[PDB]
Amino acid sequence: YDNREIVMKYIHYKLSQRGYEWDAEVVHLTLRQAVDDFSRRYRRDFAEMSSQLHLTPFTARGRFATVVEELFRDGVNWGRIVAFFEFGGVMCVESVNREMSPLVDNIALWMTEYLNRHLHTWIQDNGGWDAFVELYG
């Protein structure tokens, strides 16, 4: 249902593993499992991109816009929405690692606005998140 709830719960889970208690049900567990399979799949290139990412408060919004525009340029699919969430999380984990944790709240806002403004039509026309729950899990 609520896109804002889905991003809050995904980010809270990734940060809690890092020992960072950020302050801010079937779908949440299905999304969390797909993104973990996505990390295992491209673990090689995930290490490279982590260092390649030069994240600061002055570049985050622009970095976010560029990568999201590249992901969905050739259309939307669930595999790209999964990569959308993993990029949202890698930037949150990276913010915490670099002692810029205030940016977590900005990244979650950018993810929520993009889901509601640019992914809402596609998802609903796919039947909503239950359609995602049927592919994964």
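Residue positions are given as counts along the sequence shown, with the first one as 1.
A chain break between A24 and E25 is present, corresponding to 10 or more residues of the deposited sequence without coordinates. Between 40 to 48 and 61 to 69, it is 40 to 48 that carries the larger average Cα temperature factor according to the deposited entry. Stretches compared: 119 to 127, 14 to 22. Higher mean C-alpha B-factor in the entry: 14 to 22. Comparing C-alpha B-factors across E94, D105, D74, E86 in the deposited entry, the largest value falls on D74.
Per-chain ranking of the deposited C-alpha B factor places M111 in the lowest third. Sorting the modelled residues of the chain by their CA temperature factor places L29 in the highest third. In this PDB entry, the Cα temperature factor of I81 sits in the bottom third of its chain's modelled residues, the lowest group.
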